[PDB]
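Asker: need a structure here:
(2 chains, ligands or ions: 7)
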Number of protein chains: 2
Amino acid sequence: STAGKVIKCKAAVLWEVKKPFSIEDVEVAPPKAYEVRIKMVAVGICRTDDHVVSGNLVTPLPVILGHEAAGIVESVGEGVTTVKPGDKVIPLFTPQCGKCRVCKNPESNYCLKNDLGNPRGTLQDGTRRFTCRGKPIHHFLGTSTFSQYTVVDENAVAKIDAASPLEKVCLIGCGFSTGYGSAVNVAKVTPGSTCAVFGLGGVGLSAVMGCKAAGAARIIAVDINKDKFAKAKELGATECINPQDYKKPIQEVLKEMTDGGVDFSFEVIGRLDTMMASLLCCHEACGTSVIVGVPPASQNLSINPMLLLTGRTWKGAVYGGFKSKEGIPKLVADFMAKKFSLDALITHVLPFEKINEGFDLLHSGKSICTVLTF
Amino acid sequence: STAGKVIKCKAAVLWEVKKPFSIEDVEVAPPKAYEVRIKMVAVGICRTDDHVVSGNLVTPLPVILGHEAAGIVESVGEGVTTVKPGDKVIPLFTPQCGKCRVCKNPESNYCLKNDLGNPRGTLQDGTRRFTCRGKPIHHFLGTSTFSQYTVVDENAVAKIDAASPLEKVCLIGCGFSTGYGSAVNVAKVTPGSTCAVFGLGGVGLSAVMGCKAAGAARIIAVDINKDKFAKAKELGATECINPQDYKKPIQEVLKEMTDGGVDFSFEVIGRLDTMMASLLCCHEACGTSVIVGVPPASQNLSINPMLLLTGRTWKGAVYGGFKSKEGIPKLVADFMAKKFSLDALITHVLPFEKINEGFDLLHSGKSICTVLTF
Ligand SMILES: [N]C(=O)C1=[C][N+]([C]2O[C]([C]OP(=O)([O-])OP([O])(=O)O[C][C]3O[C](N4[C]=NC5=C4N=[C]N=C5[N])[C]([O])[C]3[O])[C]([O])[C]2[O])=[C][C]=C1N1=[C]C(I)=[C][N]1
Ligand SMILES: NC(=O)c1ccc[n+]([C@@H]2O[C@H](COP(=O)([O-])OP(=O)(O)OC[C@H]3O[C@@H](n4cnc5c(N)ncnc54)[C@H](O)[C@@H]3O)[C@@H](O)[C@H]2O)c1
Ligand SMILES: [Cl-]
Ligand SMILES: [Zn+2]
Ligand SMILES: [Zn+2]
Ligand SMILES: [Zn+2]
Ligand SMILES: [Zn+2]
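Answerer: Numbers count the residues shown, from 1 in each chain, chains lettered A, B, ... in the order given. Ligands and ions are numbered 1, 2, ... in the order given. Sure, the structure comes next:
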């Protein structure tokens, strides 16, 4: 079959920034001890993959991007015990090693084995498993899912329900868990509260769902693209506003609309201005502002400390606060039990080969979550 | 009786910024409905009072400062149901109107009837009560305690135990509650956690106490004034560090000795550089940084939101997060229950008239909490 042997498959390689994805033939090496080789079934296009392409997120190039996915274990390396071939799995962009200070803390999830802080672009052992034209290709967030087959560390993969529809549940790999957890875990939206969500893509809309689920009484959705309004309202938004319709700065508008400011603001775009407006629109005395969007590299915000002194809370989080390996499978169970649906988010489905077309949809703002099938 | 009549007394008025306080004769008009005229018995010198003197905190001048205090109800206005003459009381720089959005929210205390956000220098009805040489003198934070008599709104005054040593219990009026509550109420320091406290003035030392009461395992006290360490140690600090002894940045020094960073850091000074170090020294994935120090006017920080995205929580609070009308007396009760001691804080006791000498000791750093008696 393929276990123990090198696999030669297709992968979308980014050789340089601001350049189209090149579909190459790569050699995927067999998994070492404590690694799992996965056969991809469905991958979602997260903006963070785009952040690398536009040059806003730095990470070693050439590289195989992708981190929102679902697939089947092709083989496991010696030592692997949490999963076996044929198992349906979801690769996790933030591992859960279970040994570190962070992992052993019940309230934090940014595991110390991540590759976000200082991007080595390798697996946890400091080595790569891809080769294209003889040249070694870097991994992204230790998942590199834009490939027919990838190898990830064991603590970076979760075994999910065998009955899970992979083309739906892959969104739980990032988009959904990130947005839903931001509301539910990170901010911890109280019942009867008012929330404002800035940005309405797959992640932001999921944040709307999580606010709805938290029992928020009012959910104001903000986006400059009005086409997103139908979905937003459908998912729980009590009202949607377009900053371009006003002469006043977005935060004053919200302050006036909510008797002084929302209780929870969510920045789910990744811009300095929306991050500021987001902190500004929540009530000075009892507002919590949560940053979900990923900021452009080495950009700084100028903030007057007095904004926080009155009683505001500013915080950010990766993966919606979910301890990865432990939390994702549970969200899949919730999906199976029909606790929430992912159908409104998936607007486009294309074959992996059309990956570039997928990104064009994101750029045009015509798509929410686009899924690539292998 | 003096009730109904205008009281003529001595008060430390400030006419110009950065000039000595003038002990003059002012006229304290009688309390209007819902107001209380209090006879000051002991006022403490809080660093914020100094901020107005130095120009760091802007407020209308002329003004009678002072807010950390205790006294006896001289007389009450019409409709006053919470206090009666003779009742030992404590004025609150932040009131608890009890009927506003912030007051109805259990997790917040910045009552909308405060005079910090936008200083008017008046009592809640928009008018002044003091006069000096034919001119009206402004109030400060609605309290104005550097006067033998003062008039405060009912919701900005709390009655305490009719046996409380007002010469000590006055620290609960600001300094102690602010620091203590910041650890207990705002950070919500967890048992076995590791904390860092930048600034060992009366408020920092109080935070140390609160960090120990919460059951922190390590309390690293940071200060350039070496003479504070003995007190810090005495109050619970596991170790004291002086930034000047190092050739390396204090934040780095602190991360290196706490395996990545502390769990809860507190900035209890009011400088931007210290507020930055304080944010930087708490673990990037599970650290909560709390701002206690009132920063200088108009100055603001430059931060990379990536500092928050990984898991950090940044918040600030006034009055240690305590809802003034309810928390202050409760605190006194605990003091009355001998649960804590303010003796280690009060380092100098001066007669009201020696007020300028008080601020001199504060500027020299050879004092923690100086009390002025009447
Ligand atoms: N934290 C975490 O974890 C995360 C994050 N993230 C981020 O977030 C963001 C967003 O996402 P998305 O959803 O995917 O995207 P999109 O689709 O693109 O959306 C966007 C939106 O928004 C809007 N806008 C823009 N601009 C504007 C707006 N609104 C308003 N205003 C303005 N100006 C548009 O229209 C649309 O709708 C980003 O940043 C991302 O990145 C994600 C995820 C998660 N992670 C982490 C990771 I290292 C990976 N991932
Ligand atoms: N948030 C509030 O409710 C609230 C309440 C009371 C006071 N405050 C503010 O908290 C701050 C301090 O209060 P305080 O009464 O304890 O003041 P304080 O001046 O007596 O204490 C300042 C301490 O900081 C130390 N310090 C100064 N620069 C330092 C540095 N660069 N590095 C390390 N240590 C340094 C000084 O040696 C001193 O020990 C002030 O801004 C005060 O206005 C805020
Ligand atoms: Cl007047
Ligand atoms: Zn993502
Ligand atoms: Zn870990
Ligand atoms: Zn109020
Ligand atoms: Zn004070």
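
Asker: Mind telling me which residue of chain A is nearest ligand 7?
Answerer: residue A:309 (12.4 Å; CB to the ion). The C-beta positions use only the backbone N, C-alpha and C, and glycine is treated the same way.

Asker: That residue and ligand 2: what is the separation?
Answerer: Using CB to the nearest ligand atom, to the nearest Å, residue A:309 is found at 6 Å from ligand 2.

Asker: what's near enough to touch that residue?
Answerer: Counting by CB atoms under 8 Å, 6 or more residues apart in numbering or on different chains, residue A:309 makes contact with B:291, B:294-295, B:316-318.

Asker: Hmm, residue A:94 and residue A:116 touching each other?
Answerer: Yes - Residue A:116 is within contact range of residue A:94, at 7.5 Å (criterion: CB atoms under 8 Å).

Asker: Could you look up the SS state of the residue in chain A positioned nearest to ligand 6?
Answerer: Closest approach between chain A and ligand 6, counting by CB to the ion: residue A:285, at 9.5 Å. Following DSSP: H, G, I helix; E, B strand; the rest coil, residue A:285 is assigned to coil.

Asker: what's around residue A:209, how many residues?
Answerer: Residue A:209 has 25 neighbours, counted by other CB atoms under 10 Å in any protein chain shown.

Asker: what's the helix or strand containing it packed up against?
Answerer: Assessed by DSSP states H and E, residue A:209 sits inside helix A:202-214. The helices and strands touching helix A:202-214, judged by 3 or more CB pairs under 8 Å, 6 or more residues apart in numbering or on different chains; DSSP states H and E, are helix A:175-181, strand A:194-198, strand A:218-222, helix A:229-235, strand A:264-267.

Asker: Quick check: next helix or strand after the fourth one?
Answerer: This means helix A:229-235. strand A:239-241.

Asker: Present the helices and strands packed on helix A:202-214 as CSV; the columns should include mean neighbour count and distance to ligand 3.
Answerer: Converted to CSV, the helices and strands packed on helix A:202-214 look like this (neighbours: other CB atoms under 10 Å in any protein chain shown; distance: least, CB to the ion, whole Å):
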stretch, mean neighbour count, distance to ligand 3
helix A:175-181, 28, 53
strand A:194-198, 30, 38
strand A:218-222, 26, 40
helix A:229-235, 17, 51
strand A:264-267, 31, 39
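
Asker: Among the ones you listed, which comes closest to ligand 1?
Answerer: helix A:175-181 (4.0 Å; CB to the nearest ligand atom).

Asker: Mind giving me the packing neighbours of that closest one?
Answerer: Counting by 3+ CB pairs under 8 Å, 6+ apart, the packing neighbours recorded for helix A:175-181 are helix A:202-214, helix A:324-336.

Asker: how about the first one as CSV, C-alpha atoms only?
Answerer: Listed in CSV are the C-alpha atoms of helix A:202-214, where the atom choice follows Å, rounded to 0.1, in the frame of the first residue of the first chain:
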residue,chain,number,x,y,z
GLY,A,202,-16.7,32.5,8.2
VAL,A,203,-15.0,33.4,11.6
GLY,A,204,-17.1,36.5,12.3
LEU,A,205,-20.4,34.9,11.4
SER,A,206,-19.5,32.0,13.7
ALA,A,207,-18.9,34.7,16.4
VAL,A,208,-22.4,35.9,15.7
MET,A,209,-23.7,32.3,16.2
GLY,A,210,-21.8,32.0,19.5
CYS,A,211,-23.2,35.3,20.8
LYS,A,212,-26.7,34.0,19.8
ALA,A,213,-25.9,30.8,21.6
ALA,A,214,-24.7,32.7,24.7
